[PDB]
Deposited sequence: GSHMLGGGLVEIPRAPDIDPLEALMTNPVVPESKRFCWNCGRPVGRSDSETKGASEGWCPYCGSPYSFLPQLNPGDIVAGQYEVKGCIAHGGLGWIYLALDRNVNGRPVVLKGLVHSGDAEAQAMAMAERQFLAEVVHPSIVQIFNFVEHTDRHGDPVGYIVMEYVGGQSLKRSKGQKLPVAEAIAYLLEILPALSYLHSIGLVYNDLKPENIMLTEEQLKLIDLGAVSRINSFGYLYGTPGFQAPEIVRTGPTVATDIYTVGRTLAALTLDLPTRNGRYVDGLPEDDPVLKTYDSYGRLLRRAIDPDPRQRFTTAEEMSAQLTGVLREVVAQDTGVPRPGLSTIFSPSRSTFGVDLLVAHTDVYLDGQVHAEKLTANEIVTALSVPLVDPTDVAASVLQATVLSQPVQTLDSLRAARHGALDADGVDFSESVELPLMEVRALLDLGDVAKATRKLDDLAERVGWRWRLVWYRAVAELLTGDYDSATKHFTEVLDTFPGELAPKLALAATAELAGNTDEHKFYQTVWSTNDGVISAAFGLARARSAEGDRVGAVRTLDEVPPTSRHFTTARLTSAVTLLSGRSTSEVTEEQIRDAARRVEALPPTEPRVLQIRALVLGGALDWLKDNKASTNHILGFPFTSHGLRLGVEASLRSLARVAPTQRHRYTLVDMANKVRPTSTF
């Protein structure tokens, strides 16, 4: 079978797992090329010695196995050899005498230390044998071995995991999938007051069954003091100031993701900080880049607050990534925002054609008010005091909402942030932007500009026509939740109001990911039409699901955007053809299509025998146009417009 990762968005073929015997290295040696100081990262023992001290920092190093095949540690562990190497030295395979010679793994605890440092390292880590999780290697024992120098050396005894480490660059979907699998391990550690500290490709292993974290050597308590473990290039800059935190583990996830996916520059053996400036991976996957930047923010307060919170955003990002590279949408229900409450801009394009019916000016433009009422809203925090009354209010229109909340307010909700935020939502839905902003600004003076306040500020700035600030503030929210589609839709709609070309292609990203977001289909189509791609716009509009009440509109919209070859005129006719005279706007678009095909025959010849039921001759099209106009004349809501259509009918008449 295959690993079903990312909730089945990423399938990875299972490989059987390396048997102890096959894992053993014949001649364990670190080649000169690969000799580096574990402490400062610099080249060490080069021509060229296998053991010595680093000339740069003074740290002792050894590239020689400390246990040899044949050895017996603590009268219990029968050593067979080395299966791997890292910063703390060789990794040893032993057979466990006290459990039928089960294979176990031994690794050193410290790099150097007197007998006390050695015992202390063991004593301080003994608690790890109570850290239990399915995605975490098991610790079996702590063991002391007297070496050649007569010195006690401490070892940790672990489960053998014969998988494949994640350590030349993974596709981003794959890497996200892997990290999604171990984040629950990190959440688990956090819930018990532990930090993993040393997350990196090396420490994550794909086995036949699962993903495992295979090294617990750096695990410590939150805010702990003493030696802080981790690896420069992956570990949080502030770790000496703050000590280990959830925040510091979040940093290592971002770093780990970057390391697995990007061409990160190195100085020493170490990855340099931040992200490469114009990386092609980050260009193709916009939200993946934003996710990375939040996770690795130099300010720990600006990173994801929890591993679970990060996991939700990373899932959203994965959906965006997979949808883009497969061409198949991956819808999901947000943990942050509501689903869209409505659609906007669906009948802009076809409302223009309404002139055929009524004779009225129809120059419909996308409006802030239509967008505002359609936008997703932030989910209410259930720990807020008003959460019960707000859940009761959920089906209430804007004015009824305001009334219920103000009544509820007048008789303890003094401290509530969500009650006022709901009043703002409602006032904005009604157009009372001035009242809303007063209310927001007051609230921001009590609790500051928390992200929900910034969201509703951006919305207000939409109604105000201050599109630059709206973009700025929606972006802040996006960068806080890069895996959410709500903020991307809001930014695509703002760009439209502002008359900017959206260089981030938010409509496309939104629609690619979730073909339930019909606003995005029409938005995306309008952008493709704008740059001469009438083919892509129709392509986009074709993806509108037939289950939607907007399907017919999307079909008629295609006809309209198509009007230039004969095959395009046929495409346009084909979309109109299927729809009954019952459906609103059909008659006028029929007229428009036959009209287009008439103007076409002035400069072209048909190799088809009909458009819309009429002969594809000048005579047939004129007859078709005529008949369409006379039919529109009979439903024209004014006698003045009736005369207009009749006149046009007489004129076009063959």
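Several segments of the deposited sequence are absent from the coordinates, namely 48 to 52, 173 to 176, 421 to 427, 580 to 586, 678 to 681.
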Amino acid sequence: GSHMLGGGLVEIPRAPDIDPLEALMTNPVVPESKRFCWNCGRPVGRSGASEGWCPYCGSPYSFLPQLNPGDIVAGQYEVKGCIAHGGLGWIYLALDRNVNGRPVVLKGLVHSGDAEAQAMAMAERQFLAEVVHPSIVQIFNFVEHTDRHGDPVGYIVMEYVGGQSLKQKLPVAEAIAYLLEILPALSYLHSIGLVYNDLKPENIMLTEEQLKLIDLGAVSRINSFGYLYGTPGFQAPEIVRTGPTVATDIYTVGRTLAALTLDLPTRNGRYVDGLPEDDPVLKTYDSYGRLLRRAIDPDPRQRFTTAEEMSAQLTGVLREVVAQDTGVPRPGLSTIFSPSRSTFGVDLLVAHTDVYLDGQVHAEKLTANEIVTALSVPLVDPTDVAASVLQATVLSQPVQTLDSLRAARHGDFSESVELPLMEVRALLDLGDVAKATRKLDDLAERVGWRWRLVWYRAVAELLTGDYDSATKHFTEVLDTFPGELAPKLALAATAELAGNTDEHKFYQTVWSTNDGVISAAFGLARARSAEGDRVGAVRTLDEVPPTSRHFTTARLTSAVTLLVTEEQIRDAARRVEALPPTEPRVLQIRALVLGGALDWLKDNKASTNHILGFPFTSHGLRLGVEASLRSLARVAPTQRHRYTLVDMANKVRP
From here on, numbers count along this sequence of modelled residues.
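The mean C-alpha temperature factor is higher for 501 to 509 when 285 to 293 and 501 to 509 are set side by side. With 565 to 573 and 415 to 423 compared on mean CA B-factor from the PDB entry, the stretch scoring higher is 565 to 573.
Across the options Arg319, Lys107, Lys200, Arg539, the residue with the most elevated CA B-factor in the record is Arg539. Looking at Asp114, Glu181, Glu308, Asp384, the one whose CA carries the top B-factor in the deposited record is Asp114. When all modelled residues of the chain are sorted by CA temperature factor, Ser59 is found within the lowest third. Placement of the Cα temperature factor of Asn68 within the chain: middle third of the modelled residues, per the deposited record. The PDB entry assigns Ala121 a C-alpha temperature factor belonging to the highest third of its chain's modelled residues. Split the chain's modelled residues into thirds by C-alpha temperature factor. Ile611 is in the highest one. The PDB entry assigns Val355 a C-alpha temperature factor belonging to the middle third of its chain's modelled residues.
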